[PDB]
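Presented below is the structure to which this report refers.
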Number of protein chains: 2
Amino acid sequence: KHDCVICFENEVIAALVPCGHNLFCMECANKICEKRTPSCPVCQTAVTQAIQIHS
Amino acid sequence: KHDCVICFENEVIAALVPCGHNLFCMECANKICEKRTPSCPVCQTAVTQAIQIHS
Ligand SMILES: [Zn+2]
Ligand SMILES: [Zn+2]
Ligand SMILES: [Zn+2]
Ligand SMILES: [Zn+2]
């Protein structure tokens with residue numbers, strides 16, 4: 001429950017659109033979204049939104 | 001290992017946007033988007049795209 005690759009504190013629950021990388025908690029994903037130039041920190045693809053993943 | 005909830009034949013690979021339901025193979029998710037009133041079969045939310053999820 002500590003597997004977010006950004007903060008390593010929260011649980012992974014979010015994926016970025018459209019690259020689909022599912023490696024982030026929602027707080028870190030939201031922070032990615034309101035950067036000046038939102039982009040995936042892993043693959044650098046531009047980010048248009050973050051979604052919570054439901055499996 | 002998870003089975004697509006539509007066909008129960010292929011692995012789960014894709015999620016719908018924006019509801020984030022991650023329960024579909026890419027073929028079944030593509031079929032969802034290509035319909036004329038696209039909506040998630042699980043929660044009935046309108047679907048604006050389907051993406052492959054990378055975990
Ligand atoms: Zn985080
Ligand atoms: Zn990415
Ligand atoms: Zn399927
Ligand atoms: Zn849904």
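Where a number appears in this text, it was derived from the coordinates with a stated rule and is not lab data. Neighbour counts run over all protein chains shown; Cβ positions are idealised from the backbone, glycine included.
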Quiz item: Is it true that B:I13 is over 21 Å from A:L16 (Cβ atoms) and touching a helix residue (DSSP H, G or I) at 6+ places or on another chain (Cβ under 6 Å)?
Solution: no
Self-check item: Filter result for B:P18 (within 13 Å of chain A (Cβ to nearest Cβ) and more than 14 Å from ligand 3 (Cβ to nearest atom))
Solution: yes
Quiz item: In the range B:27-55, what count of residues is obtained for those that are within 11 Å of chain A (Cβ to nearest Cβ), surrounded by 14 or more Cβ atoms within 10 Å (Cβ to Cβ) and more than 16 Å from ligand 2 (Cβ to nearest atom)?
Solution: 4
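Might you let me know whether the range A:1-10 holds any residue that is in a loop (DSSP other than H, G, I, E, B), within 13 Å of another protein chain (Cβ to nearest Cβ) and touching a residue at least 40 places away in the same chain (Cβ under 8 Å)?
Pass one, the range A:1-10, residues in a loop (DSSP other than H, G, I, E, B): A:1-10.
After this cut, where a residue has to be within 13 Å of another protein chain (Cβ to nearest Cβ) as well, the list is A:3-5.
Adding the requirement that they be touching a residue at least 40 places away in the same chain (Cβ under 8 Å) leaves none.
Scanning the range A:1-10 turns up no residue that is in a loop (DSSP other than H, G, I, E, B), within 13 Å of another protein chain (Cβ to nearest Cβ) and touching a residue at least 40 places away in the same chain (Cβ under 8 Å).
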Self-check item: Complete set of residues in the range A:1-21 that are within 17 Å of A:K35 (Cα to Cα) and within 12 Å of ligand 1 (Cβ to nearest atom)
Solution: A:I6, A:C7, A:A14
Quiz item: Checking A:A15 against (1) in contact (Cβ under 8 Å) with a residue 12 or more places away in the chain; (2) within 10 Å of ligand 2 (Cβ to nearest atom); (3) not in a strand (DSSP E or B), which test does it fail?
Solution: (3)
